[PDB]
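The chain below stands alone and is given as structure tokens, in the form deposited in one PDB entry.
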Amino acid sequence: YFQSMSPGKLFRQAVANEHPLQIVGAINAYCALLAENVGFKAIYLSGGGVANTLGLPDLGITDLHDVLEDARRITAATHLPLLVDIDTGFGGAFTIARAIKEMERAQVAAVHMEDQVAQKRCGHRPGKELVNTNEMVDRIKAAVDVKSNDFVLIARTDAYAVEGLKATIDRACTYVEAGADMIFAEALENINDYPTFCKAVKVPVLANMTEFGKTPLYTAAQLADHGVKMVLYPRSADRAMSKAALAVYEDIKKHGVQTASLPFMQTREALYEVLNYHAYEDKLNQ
């Protein structure tokens, strides 16, 4: 409306307005513009996406700055509310506080922080270990301490795969008590566990619709009918982009020319429309 809303308020309103809110991963500002064009009401900056786009595996190598810089580029280009993955907060209480404040300064609408172990030994192997409830509570309190009211903290639990449904609900509920605004859980293997989950935690729940993992793909409607308020598509666009890029590279290498690839390329014209190119080049000219 005519209030000029804060990013967090826009996010909360998008969640309330949609049934459910679909949030799509965008690796850069241009992809966010594409999503906006299609009509999505919220967008997402994946941590794994930030790492992988740098040519790094998703092993917690990236820091606040890697993510912050990708987030800033996106929010500069669109007012569509952005949810940002900040992993485990990048360090202790003061680093978490810095992350929240910097994300808010970057006009980000929401972040999710998770309950994985962060600060393992130097030569410590990759794995799927959870911190205790109390430790995650501390992380949340560090975040809640400095956030504005409108800004959305989503607490993400990875407990489901490891601990089962009951333990997950207990954590999620404790996380809400600590001040989390919403809850991020993996796609439950059984759609009919959602009503119990959503009713227990009270706050809006996000379901993560990842491909090529251990989790099934339900429709947004199905998920909403079972109590879910947000559905996330974290890497979907990016996996298709990579296949397309690879195919173009192979085409050029094999054939000495990109002719066969032409039908698979967005046109200059469509690119110009997404950028509003003509309302620059033409619009203002000597």
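Heads up, when I say rigid core I mean the largest set of C-alphas that superpose within 1.5 Å between the two forms. Note that residue numbering follows the sequence shown and begins at 1.
The same protein also exists as the form deposited in another entry; that form is not shown, yet it is the one meant from here on.
- For the listed set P126, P195, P216, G92, the sole C-alpha moving 2 Å or more between this form and the one not shown on a rigid core superposition is that of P126.
- Relative to what is shown, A93 and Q119 are farther apart in the other form; their C-alpha atoms differ in spacing by at least 3 Å.
- Distance between the C-alpha atoms of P126 and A93: longer in the other form than here (change of 3 Å or more).
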